[PDB]
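Written out below as structure tokens is the structure these notes cover.
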2 protein chains.
Amino acid sequence: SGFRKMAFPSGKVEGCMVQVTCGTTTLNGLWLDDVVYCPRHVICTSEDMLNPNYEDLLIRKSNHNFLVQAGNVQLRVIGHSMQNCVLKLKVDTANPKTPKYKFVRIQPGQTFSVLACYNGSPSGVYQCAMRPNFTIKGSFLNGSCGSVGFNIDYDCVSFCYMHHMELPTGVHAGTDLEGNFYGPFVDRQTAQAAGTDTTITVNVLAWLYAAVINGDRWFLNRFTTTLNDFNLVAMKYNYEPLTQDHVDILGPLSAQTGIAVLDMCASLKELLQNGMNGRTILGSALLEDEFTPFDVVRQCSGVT
Amino acid sequence: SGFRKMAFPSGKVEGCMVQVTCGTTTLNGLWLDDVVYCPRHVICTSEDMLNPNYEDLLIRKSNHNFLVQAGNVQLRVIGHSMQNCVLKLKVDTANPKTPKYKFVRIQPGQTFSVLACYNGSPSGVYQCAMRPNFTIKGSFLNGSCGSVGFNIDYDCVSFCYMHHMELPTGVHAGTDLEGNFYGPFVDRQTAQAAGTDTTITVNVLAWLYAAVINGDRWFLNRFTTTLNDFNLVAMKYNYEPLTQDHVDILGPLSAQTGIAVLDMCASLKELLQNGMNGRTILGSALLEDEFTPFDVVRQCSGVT
Ligand SMILES: *CC(=O)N1Cc2ccccc2[C@@H](c2cccc(C)c2)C1
Ligand SMILES: *CC(=O)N1Cc2ccccc2[C@@H](c2cccc(C)c2)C1
């Protein structure tokens, strides 16, 4: 028992991190097979970030201008191309530690682990969620760009995020591994504001099921609700609307605990209306929304 | 910017995890050099756990009864000994992935990362703290025993914990890598209750400094306090007493922010007395105590 905000083991991703330097800018790269993926703003100076024309800036860059170092050894760059907001640097050596992998573009509400790196070296690993406004709340300082987000299914690493920037409010924006930003963000030092950071309702419900499985049951009430009634309350509290697809995904958790999804929705409704009253659920004084129903099942069953 | 509960990159520890089976019990082992470390209760049946005499149970075990599997390959056990509550299984092959390592016995309040494993395979990584009552609040199911806690300083892994058991209240107990339990716990299926889980005051203050560094400043007040005055309030709220050693350790954070330690103590005092009033600090509605002053410095500076 016990329920923790758990990240995937980072080993498979650590074996892929490299340092990429272009001129005076150093960030992180992801080395998979004979390609190193990194944010295209590695070619920019801080001054260029104000209004960069990446195709124009890239004309002045040759293969030998991208310095790629894996550990303490230099990789030879034999090609380079820009795909959306990422650069793909073809190297002459396939990464011997390349795991089985996929590039996936996740949906808001989905969680993933981030291996934060500086100068191609891992500093730490934590669990994130793609927010409903397409930002993430990470921990990223200067030099962290190029750090990646991922999920693992047994031996296959699905890369879903690459860090590119911090908004003026301290929230983070980045791309999938094809270089497409999540949300409307652009890789430019311009004021870009995030939309409403709503709460991932299906994730809160999943975490309420994890709480019941682990002994925290004080919040269970004598009520039930309907999707429409619940959603009127959810809208009022800036919670994402709950759909029948979300109810379906919670099915296994509902089955394991014997608590119908709509009954858990009514418990959540009373928690929103009445508050926690100084109490905690799984050591938290707020409703946690960065565990998906799949994460709850995985952690509660011990998937390796 | 942004502040996350971050675990160390787990790669170096993943390369050490093995499966240890004795009879019908399977748990995790830590393979360092030519020795595999695992909880001595691997020799027990669930029935034996009620009142086990480990020396007696061990007489019936030979080297060939301990089945050690690293990945999908079997290791040959050429020796075995009991050191306190851990078994040391001498194998004929040194672990080729053994990192630089130390065995450290940590103090309450110190944090570490846990790589939770099942059948020698890693399922996830999370950050823990050794509580003041010598328990940890982990996420451990049956099969997780033998999973280890650790800290990393650049390339040296300091192993500090090995998981052995869950108390009837769902909190966890284990040993250092010499087999000595943290606290008064014994590896027996007997009712053992934990003492008061007090709050790690120095860690809360460190996290309040991290909040200020990251923009969360609403809680800063116009007051100051003394160690004795603060401690009268801390005792009332089941917080650990703050010492001049703790004040000294917070010095770098006090210097970076320009907020004197005793001024932050007064802010903490008002937070304890007045509550959060529905507000959050670094996305938490309660005062976080599982970041040490060293963790705050490390994360805020990007140590790899
Ligand atoms: C993520 C990171 O480390 N940086 C540092 C950096 C170096 C060189 C150019 C730009 C940057 C930063 C930046 C600023 C404004 C916009 C974007 C997309 C990145 C991020
Ligand atoms: C940590 C873990 O997986 N287990 C399972 C287990 C297998 C075999 C014998 C005992 C145990 C469990 C246990 C029960 C009571 C006390 C202690 C020290 C361990 C823990």
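Just so you know, the numbers here start at 1 and follow the chain as drawn.
This deposition comes from X-ray crystallography, 1.7 Å.
Backbone N, Cα and C atoms are what each Cβ position is placed from, and that goes for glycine too.
Database features, via Swiss-Prot:
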type: CROSSLNK; residues: B:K5; note: ubiquitin cross-link
type: ACT_SITE; residues: B:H41; note: active site, for 3CL-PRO activity
type: CROSSLNK; residues: B:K90; note: ubiquitin cross-link
type: ACT_SITE; residues: B:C145; note: active site, nucleophile
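Where Swiss-Prot records a feature, it is marked here on the structure.
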| residue | record | DSSP (3 states) |
| --- | --- | --- |
| B:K5 | ubiquitin cross-link | coil |
| B:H41 | active site, for 3CL-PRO activity | helix |
| B:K90 | ubiquitin cross-link | strand |
| B:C145 | active site, nucleophile | coil |
Inset, instruction - Rounded to the nearest Å, what's the C-alpha distance separating B:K5 (ubiquitin cross-link) and B:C145 (active site, nucleophile)? Just drop the number here, would you? - result: 23
Legend entry - Among B:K5, B:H41, B:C145, the recorded positions whose C-beta sits under 6 Å from ligand 2: B:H41, B:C145
Inset, instruction - Please compare the recorded positions B:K5, B:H41, B:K90 by how many other CB atoms fall within 10 Å of each one's CB, and tell me which has the fewest. - result: B:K90
Inset, instruction - Would you list the recorded positions among B:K5, B:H41, B:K90, B:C145 that come within less than 8 Å, Cβ to Cβ, of chain A, in the order they occur in the sequence, writing 'none' if nothing qualifies? - result: B:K5
Legend entry - Nonlocal neighbours by CB distance (under 8 Å) for the residue listed as 'active site, nucleophile', same chain, sequence gap 6 or more: B:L27, B:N28, B:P39, B:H41, B:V42, B:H163, B:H164, B:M165
